[PDB]
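The structure tokens that follow cover one protein chain in two forms, given apart as structure 1 and structure 2.
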Structure 1
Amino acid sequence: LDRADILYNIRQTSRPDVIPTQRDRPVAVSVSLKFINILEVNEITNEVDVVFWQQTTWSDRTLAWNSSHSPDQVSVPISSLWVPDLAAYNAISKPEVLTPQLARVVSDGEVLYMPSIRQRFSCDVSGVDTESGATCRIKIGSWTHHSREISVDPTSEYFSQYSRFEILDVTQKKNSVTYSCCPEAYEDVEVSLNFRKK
């Protein structure tokens, strides 16, 4: 097997529309935001403009191959893969993807998709000039899949030294809520960005 063969098969056989549920268990999706820049902040309107790398990760065994005398990994266009329908609940602009839309696929079916995204959010900007800082919370989950089809889970350093802002702390936490309407839990990852102006 060479790269050409692996990518040929992936393209011919993968079903982007089909969630790779294994066994009627949820697909375990891991999400982790690496903040790169805070670009525009408005304490009056409570709106932030952020650049982050959305480290996403999951498994699709229909992509697997025997890497015996073969590449262990390939880069694959995401249009040829199933991808989690993740959305930020408090986003107020379309996610503007800044990077090549490729995912990294390992021979066992592990997939890493880490786009660089610029997006605006509605969050708490109060205290951004305070030393103690503002804390902006961003919630990311599947837009249409519930906890038994997709589970989301969590997993400062790549942040721009030239930003007008700096990061005090970032915490990532998972919410699971059960409602009266529905028998299923809804999962999201809440990312708390503690930042202030320099």
Structure 2
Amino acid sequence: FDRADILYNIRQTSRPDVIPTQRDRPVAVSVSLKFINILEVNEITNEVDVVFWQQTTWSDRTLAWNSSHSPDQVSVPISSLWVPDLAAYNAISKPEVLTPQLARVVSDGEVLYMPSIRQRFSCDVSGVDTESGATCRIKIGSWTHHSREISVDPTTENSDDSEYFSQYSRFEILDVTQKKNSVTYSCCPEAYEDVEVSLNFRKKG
């Protein structure tokens, strides 16, 4: 089994429009933002222009294949796989994906998609130029799937919150924390899980 045979199968059998749900069991999607840069801040308008890696992970067993005597991983175009319909609730602009829209698929059906995104948000900027700085919270979760179909969860809290952050940034990061939530909206019957990421940063002293 070669990469050609592997990609060819996934391409020929995959269905991007169908969520890899197993029974009433929701699809476990883990989200993790890794800030790469903070470009524009406006404390007057409370708007931020930031860059980050939307490190996403989930499992699709219909993509699994035996790799004992074959490659364990392959790069698959996002368009040939089903992908979480995630959305940043307080995004003020659409995502400007800066990187190739390819995902990584492991023979066991594990999918890893980590695109670099530049996007504007509406959040609390007050305190940016302070020692305690500002705390901009960004909430992102499925747009059409509720908790019974899709569930989002945070990840790796170890990793230095700014090991990927640009050093030439006009700003600096104090701390980053992610706490998942589960909300029921008057608009909508069922509950919608989402990961809230709090970006505590400040202008470089």
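Residue positions are counted from 1 along structure 1's sequence. Between two forms, the rigid core is defined as the largest C-alpha subset superposing within 1.5 Å. Only residues modelled in both forms are compared.
After superposition on the rigid core, the Cα atom of residue 177 is displaced by 2 Å or more between structure 1 and structure 2. In the rigid-core superposition between structure 1 and structure 2, residue position residue 23 carries a C-alpha shift of 2.1 Å. Core superposition places the Cα of residue 186 1.6 Å apart between structure 1 and structure 2. For residue 55, the Cα shift between structure 1 and structure 2 is 0.4 Å when the rigid core is held fixed in the overlay. Relative to the superposed core, just one shifted segment between structure 1 and structure 2, defined as three or more consecutive residues with every Cα moved by 2 Å or more, spans 177-185.
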